[PDB]
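Residue numbers (the working numbering): 4 to 79.
For each residue, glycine too, the CB sits at the ideal point set by N, CA and C.
Heads up, the thing below is written out as structure tokens.
Below you can see the structure in the form of structure tokens.
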């Protein structure tokens with residue numbers, strides 16, 4: 004449970020840095036979040052929660068940037 008603070012006012016720029024994270028790790032730790040608040044400039048509580056909601060949409064298939072590969076990379 005958490006206080007009644009509802010806020011999702013984010014900027015494409017800030018979110019951009021997140022979208023990249025979610026992909027690398029659908030879930031972030033307390034040691035990683037601290038960093039996100041330095042690249043996105045958004046409160047830890049604002050980022051932590053974000054990741055949660057992100058999972059929902061994805062599971063349903065809302066995200067348009069996720070699993071949106073374009074090319075087929077590889078290595079010999």
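DSSP places residue 15 in the helix class (H, G or I) of the three-state scheme. A residue is called buried when at least 16 other Cβ atoms come within 10 angstroms of its Cβ; residue 57 meets this threshold and is buried.
Non-local beta-carbon contacts of residue 20 in its own chain, meaning distances under 6 Å to residues more than five positions away in sequence, involve 42 and 43 in chain order.
Linking residue 77 to residue 17 through their CA atoms gives a straight-line distance of about 30 Å. Between the beta-carbon of residue 34 and that of residue 50 there is about 13 Å, and that puts the pair past the 8 Å contact cut. Bounds of the alpha helix (DSSP H) holding residue 38 are 33-42.
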